[PDB]
């Protein structure tokens, strides 16, 4: 029921936010299928016309996310087609932006403003759409994103402030990989029976491994430390999510897909590089310490842990530290159970299991 499930919730979201989307709210405040087409068109136009920040900072992100989600569930052919049109447009514009504005030959130095535009105009919008709609990107575009942006974060990073770092995340890469696995699942389930099937996913995992490793080699300062740990965590989390996905995809392959299973070990010599694994543990340790400070618990530590960790600075980047610490632990448990992590890593995770509450204890 479009009025109960789409139009009214939008109207209430807008009303609550106002106390770009003014002409939308303005429109509702007059009047008294052809109708729905016109509200949806106006809303889609605001979405495409706006800059959308990180949800922690911009109420527009969740307003559009909920609306697009409800539209999707309404399952009306003409509306699905409109959103697929928008995803196509966003990718055309993103490709141009990366080629021109983030060209490594460019002398322009303004990494903080470029990174902001990248996310506010393109990456946040496609990340919202890709929750419900399939998103796919050609090799050219994926390569531009990985080379012109992702690989360059650690040199751009000296220019960032905290709110720019906060915008950066890699959920779009996770989404791209999970939709790609999903396309293959169908082909493999109902093909049954190859050189570069894995190329885009292997490119993404390859790049996240290297980014994690380079961020760890960046010098920590009082000024950059919170944002640097946020970026590490962000890249570690997305990398974990992609590994788990691929691994699970693999477990859901039929016994007679033996060519498929071979091509994966052929094309993924590792999922997690050992040096990236070191940074995973460091981030587990960071969140452990933040969580412990929060609950006034004194942690045990193996001899050689960063003494940074004993009085970390306070951080605006993690608002629910418990959820995040727990969420990160649960993902590390995934990897343990798939044998991606070394037993030494398993031991350290469990070291403080008596001290951090009964939920953490159960997880381990």
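Residue numbers count along the first chain shown, from 1.
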Check the residues of the deposited sequence separating residue 19 from residue 20 and report how many of them have no coordinates, as none, 1 to 3, 4 to 9, or 10 or more. 4 to 9
For the neighbouring pair residue 193 and residue 194, the stretch of deposited sequence with no coordinates amounts to 4 to 9
Using the B-factors recorded in the PDB entry, average over the C-alpha atoms of 287-295 and of 238-246, then report which stretch comes out higher. 287-295
As the entry reports it, the stretch among 137-145 and 252-260 with higher mean C-alpha B factor is 252-260
Highest-ranked of 35, 324, 49, 58 once sorted by CA temperature factor in the record: 35
From 122, 160, 268, 83, which pick has the Cα B-factor that tops the rest in the entry? 268
Entry-reported Cα temperature factor of residue 317, expressed as the chain third it lands in: middle
Lowest, middle or highest third of the chain for the C-alpha temperature factor of residue 42? middle
Chain thirds of CA B-factor: placement of residue 185: highest
Relative to the other modelled residues in the chain, which third contains the C-alpha temperature factor of residue 108: lowest, middle or highest? highest
Of the three thirds of Cα B-factor ranks in this chain, residue 77 occupies the highest
